[PDB]
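Visitor: There's a structure below that I have some questions on.
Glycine also receives a Cβ, built like all others from the backbone with ideal geometry; neighbour counts cover every protein chain displayed. Please treat every number below as a calculation from the coordinates, not as lab data.
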Ligand SMILES: [Mn+2]
Ligand SMILES: [Mn+2]
């Protein structure tokens, strides 16, 4: 029975052959030479130039079909072209993390003999979003079309859209509320959803009633299908015009070219050696306003992600996450594919922007993700809807590590202290201004600030780790899809991390609920803990907080001519809105994660997008920059002196200027205070060691270590050595008093029948 | 192109033709005469006898394929045979409410042009459980196979199994936790799940990872498929032996025969006139241990289900539920198909046992269910997982109403005061004794007690409204599938409703958690309110309560030989176990509905199945019966005197005997006390009327009326008339202080694209 691949081999035989060559030889598919590229270089780039333009243009055109602004204006969609074995050749920009996620679904089909059943046929249509096979979160939905030529498969197209909602318990796309997979939303596992280019009615009727924002989902489906088919047609025209021979060579030489590309850029931009760095984020599920149904999920915890980054003389490199913490009862878990494609999107943004963007760099990187950590769970009950919470707090560390190598070597233009927490996600549900069931999810946190450089300040309100082409979207467009009105949009002062170069500031949006019925809202970002750290000096960006006002009496206040709250929440420590709202129930605290809360018309919700970390000692910053930050609204005048040692005087014009003698003398005095207030690290260490031996820390600090030691013995060994702790000191998780469900017992997806999962990671 | 039905017409043309004949003519399909039955009655019964044997025997055989005891021992499975238009011809016994649910699924396909897409092809396999189309709850999963003959559809087979769990937020089948459809478990809308008699791999992988109890679910599929295919093969053999002409006549004359049967039985057993009755149950979501994520769902409420039953001189009859309450944010909502097939299952149990069991009676009954009530919701966010809560408390009223017509006419053998609340459902989830993810759901409440008769006492621990073939299942078999050990099984004293004839007692099961890991449990029945009422006298059965013991210290108690709790909780007002467990956290209260709660090995959970209501004035009971009840454990000795006026004396043997002279005087004395403590109803009425005018009642009493008034103007008009209330007195729901989400705004499933829903009810 002939296999369907161009060879006559099956999908499985074909890929198994290619991975064997790759393993044995060290080069993708065994390609020790690139025949087309070396011998017919003109033909090689013409294919590259024409096909990469095709997918770029497909994404840009098709996104005019969607109703949701996330797809139509922000561009949270991607199109990828794959070879037979599910390796990408080329991609449009956008949410390119799904280069790898959709590649792994293609491989899951390959490895579980979809070929025999349900069959991969021409004109078929597959839809998938299953996180257990490596997708980021259910709200990101794939369409996958096989491409055939003269009767045989020659590759695949994938299209991803980020969809408003998938019917989880939480109303929104990064939803809280649910604590397991069951309730985490509509989960599609590589389903055959069409044949002969036409969708199945039983998929249409079932799928559309599993969600709130049906019209939005329906159109997000057509944006995918139209893109896939523009790309399928593109390929056929390219093959018919240049030949299957060349196309077939290109479909694999391109992928080894991407591996060759990563190696060469490492060797030219980096330094061999070892780099160590760590990242944390908070999960405050103890609080009253995280109302979750399962009692075993109400505890505070901290995500712990240490990375040992090894860079070798031959230009390979290794990322070891030994020491990391366990998955939990929340929606912040991830998958080994999620995680590693995340690290790949980062190398598309600094290491290989000017090389082939495809799975080549993936084959040139080594990943060790211990089984059972949050980044590699071993449990099929796990939940995913806001994977970015953990994911974006782990990858930010690696910017710093990678930036020390550019800095030592002299490529200071490339240093970057890391990504912002891509957060607060305005979410809610109910009846909207068209009186339809609806959900919300602002992609304003596509435009957080970004890490400072060794050369200049980070960009404000500019980007996210998962899409560098930032877009905040127009106020006038968002108000077509949410039942809220804007009372402010404002640069978020003192959100940027301080330094010689200041991190990018976030921004803020103040909303009034308007024309909503039976409406709820919630918040979802980091509160207690800043994920990014500064670099070579350099402080973390600000962390998160919440602001909601209920019963504002704002109908009367608007109408009677009284003061009403406008703009941003400029100094949350000295607020101005609260005085204006004497009757309101104001929620102003650090609890940056909540579940659904009744809101009504004229209630208030502050949307806050985070800043980025800074670079260098702050009192090396040029004083004039500090003064300009004060006028430009970037830094509150209070910290000009307290952080930068800059003394500013207001001119007749009302703007701030530099007092130079004052600024020098204040900097001189800060240096003596630093000497006087610090102590030798020897001294501090024996103090902290006493606290450790006494087990003096909150339950969430003690749980992070207990769980981390159990998954990563080399990390426990290192902690014990560092603090010089007796073997009599032990930290069993079960002694901390907090629930410990899922700490010993777990069941993996691979323990279910007929499941063959693909491994991409050392594990 | 040509339709698929044996005629050459499409499914839709075929049914549309037949429903028009039925509307114009008053007889199913226009059959004013029954050709086969009148002309070849021998051939007519031979087809009937062989086919009903086939479905009975198919259900019986295939249930030996299941691992879950729900299907294998208790038989909560059903097989039904349908004509082309989706009308049942015959059924096996068991959970026959799905006669109507699978018929409504077949008809939904007919109306939405499944024929065009995805196509109804021979050898195909459909799977469905969608409650918006009229299924009881997600856990009841249908398999639907078309039957073809010489290339044309001649009917369908449906198979139903109750599945342990479908991946709702709650672990169990009657799950709490979720408050909307989103989270209420895996919802399949008439999916084509196989072709050429083989299941699709993408359905297999996806479906098995959306639930906990996977191996159980897998085998429940094979039990369904096998029964369908035994029945498809059966028909073909019957047709090949007797001819398509005869079978095609039978497939429709059978259904008008059933309508004729309902009419003849009404006219023979009943009295024409009007019957009025009502039913209630509790929903105290206000309590701390109902932890739901949505703040708009935390309130107490009461289901209000009034029925005006009209029986006519021509033998038709009408059931109007005007006045009923609204659907809510819980899992107790229903659907018009759910509700009406319930009343049909009830009429199979008294009215037509000896007639054709098929849709004939459905065509002979009139139903009016106001749109927007809990029984006919107009909102597609609604949740269903424990529909029986409302459903079984509504139908019990109709037994009483129907019983007054037997009692007046003299068929006292047929009187029954109503069904028990079929409840408490022991449920929970975690890791079981085989160290696999698992969920539990005891079907011990298939064997509640039943209503007393005009002739004799109700049966104890015997049946449920949805399956009169009660089975409590073996202890030894239940312990193969739950990580619990039985410490007692006991008739539940004083659970039966008191009367001249006592209602049936429930029973109770005391469990110890054993060999469980990361384990939770919860409760799900009625607490505050008894659904059934007694009759012509007659008190309701006991209502519900909860008992759990945590930290029992029972390992130590067992090992040391101290007292351990065994058996049942004989007198909850004077317990013996609580003293035995001095270290325990004991939960003993009325809160019969909880969400998930951590349990551990040696903790205790009491499973309580309810009793049935009684008949007649209790102090007409033969005193000897009261004495036997006391010894037999049915009634606690305290109430012999207080309820029955029976004075019982303990003998030399230790058993109770009747004090005859004492019992006469006590009965003489009770009658004088009854006079002395009652008042003229006029007197009592003006007191209660002041309370109404003063709005003196719990928020749950005031919300039940507010919601009912808005949905049922004739009920408000009638309330106001009865209590003589000014037009100045008004009860707006929004003044009661509790959330009112979904009270004005709603969006029906019929408002989504391409949705054509079928109407079976006056509405
Ligand atoms: Mn997304
Ligand atoms: Mn069921």
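Visitor: Put a label point 7 Å from Cα along the Cβ direction on residue A:286, then list its distances to the equivalent points in the other copies in nm, shortest first.
Guide: Nearest to farthest, the other copies are at 3.1 nm.
Visitor: Looking at the range B:340-395, what % of the alpha carbon pairs are farther apart than 14 Å?
Guide: More than 14 Å apart: 62 percent of the Cα pairs in the range B:340-395.
Visitor: For chain A, take the longest principal axis of its alpha carbons; what is the angle in degrees between that and the long axis of helix A:660-677, to the nearest 10 within 0 to 90?
Guide: On a 0 to 90 degree scale, this one is about 80.
Visitor: Between copies, how far does the label point of residue A:762 sit from its twins, in nm, shortest first, when each point is 7 Å from Cα along Cα→Cβ?
Guide: 7.5
Visitor: Sticking with this structure for a sec: When 1/r is averaged over all different Cα pairs and the result inverted, which Kirkwood radius in Å belongs to the range A:479-625?
Guide: 16.5 Å
Visitor: If one puts a single equal scatterer on every Cα of the range A:624-704 and applies the Debye formula without solvent, what log₁₀ I(q)/I(0) results at q = 0.15, 0.19, 0.26 Å⁻¹?
Guide: Ignoring solvent entirely, the Cα scatterers give -0.69, -0.80, -1.16.
Visitor: Next question. Calculate I(q)/I(0) for the range A:252-311 by the Debye formula, one identical point scatterer on each C-alpha and no solvent, and give its log10 at q = 0.14, 0.17, 0.18 Å⁻¹ to two decimals.
Guide: The computed values of log10 I(q)/I(0) come out as -0.66, -0.73, -0.76.
Visitor: Given the range B:145-202 reduced to its alpha-carbon atoms as identical point scatterers, what log10 I(q)/I(0) does the Debye formula return at q = 0.25 Å⁻¹?
Guide: Per q value, in the given order, log10 I(q)/I(0) is -1.08.
Visitor: Given the rotation relating B and A, tell me which residue in B puts its Cβ closest to the axis and the distance in Å.
Guide: Nearest Cβ to the rotation axis, residue and whole-Å distance: B:183, 2.
Visitor: Right, another one. In nm, to one decimal, how far is the modelled label at residue B:45 from the one at residue B:571, with both set 7 Å along Cα→Cβ?
Guide: If labels sit at residue B:45 and residue B:571, their model points lie 5.8 nm apart.
Visitor: Return the whole-Å distance between the Cα centroid of the range B:667-743 and the Cα centroid of the range B:363-433.
Guide: Taking the Cα centre of each part, the range B:667-743 and the range B:363-433 sit 24 Å apart.
Visitor: Looking at the range B:42-188 from every direction and averaging, what is the projected area of its Cα convex hull in nm²?
Guide: Mean shadow area of the hull around the Cα atoms is 9.7 nm².
Visitor: Taking only Cα atoms of the range A:637-763, what ratio of Rg to Rh do you get with Rh as the Kirkwood inverse-distance radius?
Guide: 1.26
Visitor: Taking the Cα centre of each part, how many Å lie between the range A:567-608 and the range B:29-44?
Guide: After rounding, the separation between the Cα centres reads 75 Å.
Visitor: Okay, moving on. May I ask you to give the average projected area over all directions of the convex hull of the Cα atoms of the range A:62-137, in nm² rounded to one decimal?
Guide: Mean shadow area of the hull around the Cα atoms is 5.8 nm².
Visitor: Shifting gears a bit: Averaging the inverse of every distinct alpha carbon separation and then flipping it gives the Kirkwood radius. What is it for chain B, in angstrom units?
Guide: For chain B, inverting the mean 1/r across all distinct Cα pairs yields 27.3 Å.
Visitor: At a Förster distance of 30 Å, what's the computed FRET efficiency of residue A:684 paired with residue A:590, Cβ-Cβ distance as r, to 0.05?
Guide: 0.70
Visitor: Another question about this same structure. What average number of partner chain Cβ atoms lie no more than 10 Å from the Cβ of the residues making up B:184-191?
Guide: Across B:184-191, the average partner-chain Cβ count within 10 Å equals 5.
Visitor: So for B:233, B:46, fewest C-beta neighbours within 10 Å to most, what's the order?
Guide: The most exposed by this proxy come first: B:233, B:46.
Visitor: Given a cut-off of 18 Å, what percent of all Cα-Cα pairs of the range A:480-526 lie beyond it?
Guide: More than 18 Å apart: 49 percent of the Cα pairs in the range A:480-526.
Visitor: Copy-to-copy spacing for residue A:560, label 7 Å out on the Cα-to-C-beta vector, in nm, shortest first?
Guide: From this label point to the equivalent ones elsewhere in the assembly: 6.8 nm.
Visitor: Could I ask something else about it? Using Cβ contacts closer than 10 Å as the measure, can you line up B:266, B:477, B:42, A:95 from fewest to most?
Guide: In increasing order of surrounding Cβ atoms, one gets B:42, B:477, A:95, B:266.
Visitor: Compute the distance in nm between two label points, each set 7 Å from the Cα along the Cα-to-Cβ direction, one at residue B:476 and one at residue A:672.
Guide: 9.1 nm
Visitor: Sort A:715, A:407 so that the residue with the fewest other Cβ atoms within 10 Å of its own Cβ comes first and the one with the most comes last.
Guide: With the fewest neighbours first, A:715, A:407 line up as A:407, A:715.
Visitor: Ratio of alpha-carbon Rg to the 2.2 N^0.38 Å globular estimate for the range A:563-678, to two decimals, please.
Guide: 1.41
Visitor: By how many degrees, 0 to 90 and rounded to 10, does the Cα axis of helix A:336-350 deviate from the longest principal axis of chain A?
Guide: Long axis of A:336-350 versus the principal axis of chain A: about 80 degrees.
Visitor: With each pseudo-label sitting 7 Å past Cα toward Cβ, what's the residue B:562-residue A:617 distance in nm, one decimal?
Guide: Going by the 7 Å Cα→Cβ label model, 6.7 nm.
Visitor: Past the 25 angstrom mark, what percentage of all C-alpha to C-alpha distances in the range B:155-274 do you count?
Guide: Distances greater than 25 Å cover 51 percent of the Cα pairs.
Visitor: To continue, here is another question. Under 8 Å for C-alpha pairs, at least 6 residues apart: give me the relative contact order for chain B, rounded to a whole percent.
Guide: Averaging sequence separation for qualifying contacts and normalising by length gives 13 percent for chain B.
Visitor: Between residue A:60 and residue B:16, what FRET efficiency follows from the Cβ-Cβ distance if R0 is 56 Å, with the result rounded to 0.05?
Guide: The pair residue A:60/residue B:16 has a calculated efficiency of 0.75.
Visitor: Rounded, prolate or oblate: pick one for the range B:305-456, where a ≥ b ≥ c are the square roots of the eigenvalues of its C-alpha gyration tensor, a/c under 1.5 means rounded, and failing that, prolate if a/b is larger than b/c, else oblate.
Guide: Cα axes put the range B:305-456 in the oblate bin.
Visitor: Output needed for the range B:48-92: three equivalent-ellipsoid semi-axes, defined as square roots of 5 times the C-alpha gyration tensor eigenvalues, in descending order, whole Å.
Guide: Its equivalent ellipsoid spans semi-axes of 23, 12, 7 Å.
Visitor: If you don't mind, another one. Return the ratio Rg/(2.2 N^0.38 Å) for the range B:229-330, where Rg is computed over Cα atoms only.
Guide: Here the answer is 1.85, to two decimals.
Visitor: Given an 8 Å cut-off on Cα distances and at least 6 residues of separation, report the relative contact order of the range A:292-426 as a percent.
Guide: Relative CO of the range A:292-426 lands at 26 percent.
Visitor: Counting alpha carbon pairs within less than 8 Å and at least 6 residues apart, what relative contact order, in whole percent, applies to the range B:687-763?
Guide: Here the relative contact order equals 27 percent.
Visitor: Moving on to the next point. Compute the long axis of helix B:214-242 from its Cα atoms, compare it with the longest principal axis of the Cα atoms of chain B, and write down the angle in degrees, 0 to 90, nearest 10.
Guide: 50 degrees
Visitor: Hey, got the average number of other protein chain Cβ atoms within 10 angstrom for residues in A:287-295?
Guide: Going residue by residue through A:287-295 and averaging, the value is 5.
Visitor: For the protein assembly as shown, what mean projected area does the convex hull of the alpha carbons give, in nm²?
Guide: Approximately 63.8 nm², given one-decimal rounding.
Visitor: Still on this model: Find the centroid of the Cα atoms in the range B:448-521 and in the range A:155-209, then give the distance between the two in whole Å.
Guide: Using only Cα atoms, the two centres lie 41 Å from each other.
Visitor: Using a 10 Å cut-off on Cβ to Cβ distances, tally the other chain neighbours for every residue of B:160-169 and report the average as a whole number.
Guide: Mean partner shielding for this stretch: 2.
Visitor: Kindly state, to the nearest 0.05, the FRET efficiency for residue A:113 paired with residue B:435, given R0 = 25 Å and r defined as their beta-carbon distance.
Guide: 0.30
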